[PDB]
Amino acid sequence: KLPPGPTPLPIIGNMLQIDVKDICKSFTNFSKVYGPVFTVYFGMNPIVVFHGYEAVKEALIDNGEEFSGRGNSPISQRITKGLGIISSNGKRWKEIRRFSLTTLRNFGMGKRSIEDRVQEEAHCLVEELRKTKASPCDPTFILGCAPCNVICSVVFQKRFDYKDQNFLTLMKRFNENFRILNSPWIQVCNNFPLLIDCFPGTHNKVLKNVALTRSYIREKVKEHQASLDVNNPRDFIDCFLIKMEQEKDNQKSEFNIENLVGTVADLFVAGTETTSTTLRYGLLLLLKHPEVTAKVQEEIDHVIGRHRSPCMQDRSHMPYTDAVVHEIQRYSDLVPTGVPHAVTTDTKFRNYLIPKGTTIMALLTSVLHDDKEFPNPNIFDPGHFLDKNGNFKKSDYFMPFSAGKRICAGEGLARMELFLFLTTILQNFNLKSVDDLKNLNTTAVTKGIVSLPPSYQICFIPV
């Protein structure tokens, strides 16, 4: 028996009872009436939601093996075709995600570490902010390049010149497609496929952007295979090709070109817009909270100094800054409803039974905003991650990357980009607003699977 929930309508389920513009608002509201676990229907499809740390943990963690599946929706099926790591299941997923995790270790890609590739970008990042000559600007674009280049640097040999036209279009397609798919419309179309016909232009655009993007990713593999030296890998591509060669004999090996071009793409899409969005939400919060930013700058000066680039080792000596990066992710609440899962088999969740294949949703927001774990969860405060003596306080409720067997595969890289970008920037700059900080609103604009910070201007004044 499925978890109780609003009784649905004959064809559209509870659709005309949910705010497609702000789903969490609708879900939280259902929890006040149905409790921690409940069922809602998007059209014909049943979806069971988990609200609050207890339900979310029990699902993703305790009953982790059951809730580690990807549902495979209509839109989803014509893009990734089940290829890769974000949209794959079973044997193929376990093998691509184990390899990926292994090669995304700081030193899993040959001699140059991931950390070195990220520091180089942070430098180029501050270098671009210099070119704004301290005038007011919207950091969306420059701030969106760095995280893109990081991936480029991780899957290809060298990074791109910010002005390298080949980099720019390779960035717009991913952005363009990201904008398209982070619309409340993908929900409607995903549960009512027929509606997709009403959007030929949009549908054609996505397809084209995916063709060009994959097409370019396949070229970079051509080149890589003609210069491969199995002894010294250069990036994610080499590490994959080497693995391929080692599996060349068993013809049912998941390590084939298709999963490669697919996995690389998964890295871009899951790794660009996300950290890029968290960074942008971060500078805004530091721009609005000068008291927090000075304290951070005081740790940089003391531990890192002003001549050398910061590095991950500096975090263990900077509990305040770390707490600021942790509170930036909690507050920004990038992915409130979390990404949907599907159960691998008939599953008994405490008192109920969830049939295999059913779509599941663990509301990360409900954890990131638990008002017992983070007193006054609606206010930005590094203190939520600091104890009485100013030491870093970790929380089991810190799930901006989700939890369980499907936790973000590049969590290590997300945090490295956040730490090294924010501290490098705050070491060479101070944040000035063109107007009183009081005017500055921090309320996210939630209109899709991914929340964005409100638009804003910011002046990067060199210290």
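What we label the rigid core is the largest C-alpha set whose atoms superpose within 1.5 Å from one form to the other. Quick note: we count residues from 1 along the sequence shown, nothing fancier.
When the other structures are laid on the shown form by the core, the C-alphas of 70-78 and 149-157 differ in how far they drift in 4 other deposited structures of this protein; the larger average drift belongs to 70-78.
With every structure aligned by its rigid core, 245-253 is the stretch of 245-253 and 325-333 whose CA positions lie farther away in 4 other deposited structures of this protein. Taking the mean C-alpha B-factor of each stretch as recorded, 430-438 and 413-421 are not equal, and the higher mean is that of 430-438.
Taking the mean C-alpha B-factor of each stretch as recorded, 384-392 and 73-81 are not equal, and the higher mean is that of 73-81. You'll see in the entry that, of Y320, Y331, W185, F160, the Cα B factor peaks at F160.
Across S100, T278, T365, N166, the greatest Cα temperature factor reported in the deposited entry is at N166. Ranked by C-alpha B-factor against the other modelled residues of its chain, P46 falls in the middle third. Sort the chain's modelled residues by C-alpha temperature factor and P233 lands in the highest third, per the entry.
Ranked within its chain, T28 lands in the middle third, by CA B factor from the PDB record. For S113, the recorded CA B-factor ranks within the middle third of the chain. Only modelled residues enter the ranking. The entry lists a Cα temperature factor for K91 that places it in the middle third of the chain's modelled residues.
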